[PDB]
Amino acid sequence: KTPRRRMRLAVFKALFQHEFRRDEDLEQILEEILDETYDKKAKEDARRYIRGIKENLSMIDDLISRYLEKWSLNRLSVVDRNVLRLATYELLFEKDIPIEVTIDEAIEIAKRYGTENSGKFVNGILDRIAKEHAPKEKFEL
């Protein structure tokens, strides 16, 4: 019953908050966000995302950086940096989600907390990351 969009937004919120709470653990930050309003599957999914992003962060950050020039990853807003990380993680490691969905919903988050320009920006980066790194199993889903 809990929408995928809400589950993913919790993951995003935890990453966002972590940037200003570096002394705390990302996993615990996520538990603060997850409450009775999130169902069993959503909590399980969010927990897996956070652990997968943390485990693969170096690889993910390096990958994204190969599509950035003027705007380095640390110069982007806390919103765009973490939307790119979360989307890249989803594109590479979450098997059942179509590329279009990952990209479209990631752009929604960027626009949600930024502008149409921020969104078009992220849309551009993700389109490029996807056309070169999307897993073959997603070539048609």
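Throughout, rigid core stands for the largest set of C-alpha atoms superposing within 1.5 Å between the two forms. One rule holds for the numbers: they count along the sequence shown, beginning at 1.
When the other structures are laid on the shown form by the core, the C-alphas of 35 to 43 and 110 to 118 differ in how far they drift in 4 other deposited structures of this protein; the larger average drift belongs to 110 to 118. When the other structures are laid on the shown form by the core, the C-alphas of 26 to 34 and 63 to 71 differ in how far they drift in 4 other deposited structures of this protein; the larger average drift belongs to 63 to 71. In this entry, 117 to 125 has the higher mean Cα B-factor, the comparison being between 10 to 18 and 117 to 125. Here the stretch with the larger average CA B-factor, out of 54 to 62 and 79 to 87, is 54 to 62. Between the residues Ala46, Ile33, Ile99, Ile109, the entry's highest C-alpha temperature factor is the one at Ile99.
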